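To start, the structure itself, in structure tokens.
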Amino acid sequence: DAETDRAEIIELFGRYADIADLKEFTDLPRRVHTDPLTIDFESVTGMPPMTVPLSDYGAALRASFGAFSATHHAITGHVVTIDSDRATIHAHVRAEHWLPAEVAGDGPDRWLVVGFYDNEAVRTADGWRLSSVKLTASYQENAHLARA
Amino acid sequence: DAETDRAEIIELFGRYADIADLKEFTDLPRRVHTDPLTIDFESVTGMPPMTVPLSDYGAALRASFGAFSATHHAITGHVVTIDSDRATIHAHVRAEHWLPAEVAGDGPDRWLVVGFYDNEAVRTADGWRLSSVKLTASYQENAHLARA
Amino acid sequence: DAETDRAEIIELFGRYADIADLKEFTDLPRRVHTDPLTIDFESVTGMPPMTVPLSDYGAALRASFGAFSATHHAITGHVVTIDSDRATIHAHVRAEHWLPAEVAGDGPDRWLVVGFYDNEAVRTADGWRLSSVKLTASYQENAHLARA
């Protein structure tokens, strides 16, 4: 019922965090996202929203997260609204990204993004999937490292 | 049923975190809290518990969170006990508060509070609301900034 | 039903975090864990998996967490699979451990572990309990303090 849908939608955010933090950009994205996927990270990158093939998104994530020794996404505070086979989710996110020493040198090594997801999900034949991801940053620390 | 109540009570903590972190002290508190509201932040401020009108609480939050460039509340680990139209919730909280550079100068800029909420909720005609908030700190970093 | 089981299993992780962070190693472990308990912290300590009496585990936790002024475990992203009276849970964890000043001196004072739990639970006559805990670290900061 509705509570099973809610619980499955919340769990998708655990799997979403696992994509990045386990660096598993091949199988897991198919279990988490629709194809194509709408993405909006403009609040952090200045790149406007786009709708992209899932394999492109995965390849892009693999390339960018390859810059980090590790990451940790702590996603909390899910506010889920369901209407049959669609849902919206607002959540908190705290995302830590550590640069290797070879890049960070004697300086800061951790890029922090805090803020919110305002995402959409759809109920597919293979279960709920996140069809749109939008990240709004409230604060960043060491954002220059995302460039460095 | 009971599981819908639990899920709605947990979601209230997402909305609670949103009050502070989106700095929305006017509408959201009515959706999250009863009027009046009992508050106990004594473990952090030394001010004893009080029961206050909700508009006072909102105005006070607006004034105090106005000192921060941003905040992030990560609330996790909800332990919810429900008895008809009342509930208790114990949870973990990690609350980050960043001071603007104009105030922090060359020193630390982030006030960290970790610890627990031990809160009460009531089922109102318009849904669950948090009727009592109690924060017990296990640790703080840079607490002097909450004064500065 | 299944959703009550899921919610109870997720709540166990709140109580698990409370063992360490409230430093309550006597009563709470009986409410959270089976006796005996399988533990695997090898990814952090190099000690291989073992199955130990619960009172030994509690005594060991009391001794080790006695080194810290405070800790905070933020457990998020639960992915729960249930099969009757057994479950597996994968989750994110961010665990902070602060050393007292008397030990940290003028140096770093916070040991950070980020990574994952990959745990098992069993439905006992007194409710769900965590029967196996496995922590896999993705990153640590100041791990030398866990020794110091």
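Chains as they are written, first to last, in the entry's author numbering: chain A, 2 to 149; chain A', 2 to 149; chain A'', 2 to 149. A prime marks a further copy of an entry chain.
Even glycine gets a Cβ: it sits at the ideal position worked out from N, Cα and C.
Let me know the secondary structure DSSP gives residue i once reduced to three states.
{"i": "A:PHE69", "result": "coil"}
{"i": "A:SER85", "result": "coil"}
{"i": "A:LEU38", "result": "strand"}
{"i": "A'':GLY108", "result": "coil"}
{"i": "residue 1 of chain A''", "result": "Outside the displayed range of chain A'' (2 to 149) lies residue 1 of chain A'', so it cannot be described from this structure."}
{"i": "A:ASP2", "result": "coil"}
{"i": "A':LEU100", "result": "coil"}
{"i": "A':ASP127", "result": "coil"}
{"i": "A':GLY15", "result": "helix"}
{"i": "A':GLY59", "result": "helix"}
{"i": "A':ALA149", "result": "coil"}
{"i": "A':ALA144", "result": "coil"}
With a threshold of 7 Å between beta carbons, is residue i in contact with chain A''?
{"i": "A':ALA75", "result": "yes"}
{"i": "A':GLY78", "result": "yes"}
{"i": "A:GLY67", "result": "no"}
Just checking: is the beta-carbon of residue i within a distance shorter than 7 Å of some beta-carbon in chain A?
{"i": "A':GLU43", "result": "no"}
{"i": "A':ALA60", "result": "no"}
{"i": "A':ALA102", "result": "no"}
{"i": "A'':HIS93", "result": "yes"}
{"i": "A':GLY106", "result": "no"}
{"i": "A':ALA71", "result": "yes"}
{"i": "A':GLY15", "result": "yes"}
Could you compute how far the alpha carbon of residue i sits from the alpha carbon of residue j?
{"i": "A:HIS73", "j": "A'':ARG124", "result": "31 Å"}
{"i": "A'':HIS98", "j": "A'':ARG111", "result": "5 Å"}
{"i": "A':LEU38", "j": "A'':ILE76", "result": "29 Å"}
{"i": "A':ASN120", "j": "A':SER139", "result": "16 Å"}
{"i": "A':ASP22", "j": "A'':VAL53", "result": "43 Å"}
{"i": "A':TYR58", "j": "A':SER65", "result": "11 Å"}
{"i": "A':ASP28", "j": "A:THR5", "result": "30 Å"}
{"i": "A:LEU146", "j": "A:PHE26", "result": "22 Å"}
{"i": "A':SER133", "j": "A'':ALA71", "result": "25 Å"}
{"i": "A:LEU113", "j": "A'':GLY128", "result": "39 Å"}
{"i": "A':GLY67", "j": "A':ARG95", "result": "19 Å"}
{"i": "A':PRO109", "j": "A':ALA102", "result": "10 Å"}
{"i": "A':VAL115", "j": "A':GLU142", "result": "9 Å"}
{"i": "A'':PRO49", "j": "A'':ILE40", "result": "9 Å"}
{"i": "A':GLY106", "j": "A':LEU55", "result": "35 Å"}
{"i": "A'':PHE69", "j": "A'':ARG148", "result": "12 Å"}
{"i": "A':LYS24", "j": "A:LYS24", "result": "34 Å"}
{"i": "A':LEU100", "j": "A'':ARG7", "result": "40 Å"}
{"i": "A':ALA60", "j": "A'':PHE117", "result": "40 Å"}
{"i": "A'':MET51", "j": "A:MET51", "result": "49 Å"}
{"i": "A:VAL104", "j": "A'':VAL104", "result": "31 Å"}
For residue i, which residues in the same chain have their Cβ closer than 8 Å to its Cβ, ignoring the five residues on either side in sequence?
{"i": "A':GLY15", "result": "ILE76"}
{"i": "A':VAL80", "result": "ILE90, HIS91 and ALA92"}
{"i": "A':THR35", "result": "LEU55, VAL123, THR125, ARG130, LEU131 and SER132"}
{"i": "A':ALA3", "result": "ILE83"}
{"i": "A':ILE20", "result": "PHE26, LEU29, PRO30, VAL33 and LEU62"}
{"i": "A':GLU9", "result": "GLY128 and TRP129"}
{"i": "A:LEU13", "result": "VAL33, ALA122, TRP129, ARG130 and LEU131"}
So, at 6 Å on beta carbons, what are the nonlocal neighbours of residue i in its own chain, with the 5 sequence-adjacent residues on each side left out?
{"i": "A:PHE42", "result": "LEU136"}
{"i": "A:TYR17", "result": "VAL33"}
{"i": "A:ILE11", "result": "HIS79"}
Tell me, please, whether the CB atom of residue i is closer than 7 Å to any CB atom in chain A'?
{"i": "A:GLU97", "result": "no"}
{"i": "A:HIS145", "result": "no"}
{"i": "A'':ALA88", "result": "no"}
{"i": "A:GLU4", "result": "yes"}
{"i": "A:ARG7", "result": "yes"}
{"i": "residue 1 of chain A", "result": "What the structure shows of chain A is the stretch from 2 to 149, and residue 1 of chain A is not part of that stretch, so it cannot be assessed."}
{"i": "A'':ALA122", "result": "no"}
{"i": "A'':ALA21", "result": "no"}
{"i": "A'':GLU142", "result": "no"}
{"i": "A'':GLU12", "result": "yes"}
Can you find a CB in chain B that lies within less than 7 Å of the CB of residue i?
{"i": "A':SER139", "result": "The structure shown contains no chain B; the protein chains it does contain are A, A' and A''."}
Only counting the same chain, and skipping five residues up and downstream in sequence, which positions put a Cβ closer than 7 Å to that of residue i?
{"i": "A':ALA144", "result": "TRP112"}
Would you check whether the ligand GDP has a heavy atom nearer than 6 Å to the C-beta of residue i?
{"i": "A':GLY128", "result": "This structure lacks the ligand GDP; in fact it carries no ligand of any kind."}
*Would you check if there are 3 or more beta carbon pairs closer than 8 Å linking the segment 42-54 of chain A to the segment 82-89 of chain A?*
no
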